[PDB]
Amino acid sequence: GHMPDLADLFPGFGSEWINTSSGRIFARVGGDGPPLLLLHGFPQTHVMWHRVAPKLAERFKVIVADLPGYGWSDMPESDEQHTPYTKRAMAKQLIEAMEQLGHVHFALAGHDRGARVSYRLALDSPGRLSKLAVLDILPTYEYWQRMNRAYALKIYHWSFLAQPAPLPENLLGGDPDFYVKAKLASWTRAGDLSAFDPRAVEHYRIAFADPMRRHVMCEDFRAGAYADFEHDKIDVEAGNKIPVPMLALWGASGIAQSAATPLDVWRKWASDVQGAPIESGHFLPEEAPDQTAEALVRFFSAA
């Protein structure tokens, strides 16, 4: 990268700045074999995969991308409908990025916001995917449908960060380090930062220290309250199911299981889905790296 004091958490992996019509996508690229794209979420960057990507690179050509607007990827200017940070637009952009590498059909694993890009990609463009894995999420529509007093208090940030600009931007900008560390710790099993490599945390903190990066994150959640929700509602009410073979992995103490049985939910959205919990909080690839890596290796390797 271009940040002198941030650590290289993928020894041996190359680096790519991939041009697209919507801006550059940064990625680390390693391994060889069938192509597998990995997508991080909030409030993280591509380095969240640093503990599982080497194991995956033993069997796949692994592409670890920063989401549009996150990490070192470019930050398109948003609009009144939060368009570039909708999962539909993010998926189109990452499809464009993968074509630049010559990948028109690939395997895909996503976590948190990246998992939302991933199932939206499967709904809009299923021919692009051989197999899909989503980590510690339910569909955005399903989160909102479960909204009640208990859900609103337990996962408040969906409604907070979706408030009109500049309300979340100005609240997060007073003490950004405290917020990003608080969010990282609060979703782990133990409720502290012990699950994370401190060098990865510094990546997350430096990203969050940029007000333009924080604005993108709020736009992500604004799309998640509005367009993404409207997009999802159209699919579930039409009975559209993802046909791509799918794996749902969630943490036993994560977000997706808060008030739902995740595999039953995903069977409503996908016609060929398997799933398993893992004893972990929300951050599966850092809290339970070996079990996550093995589940992904076995799923993506299965004939």
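Throughout, we count residues from 1 along the sequence that is shown.
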Mean C-alpha temperature factor, higher of 117 to 125 and 183 to 191: 183 to 191
For the higher mean C-alpha B factor in the entry, choose 260 to 268 or 24 to 32. 260 to 268
Of the choices 197, 228, 142, 112, which one's C-alpha carries the largest B-factor in the record? 197
Lowest, middle or highest third of the chain for the C-alpha temperature factor of residue 63? lowest
Of the three thirds of its chain by CA temperature factor, lowest, middle or highest, which one includes residue 47? lowest
Sorting the chain's modelled residues by C-alpha B-factor and splitting them into thirds places residue 90 in the middle
Relative to the other modelled residues in the chain, which third contains the C-alpha temperature factor of residue 81: lowest, middle or highest? highest
Sorting the chain's CA B-factors, does residue 234 end up in the lowest, middle or highest third? middle
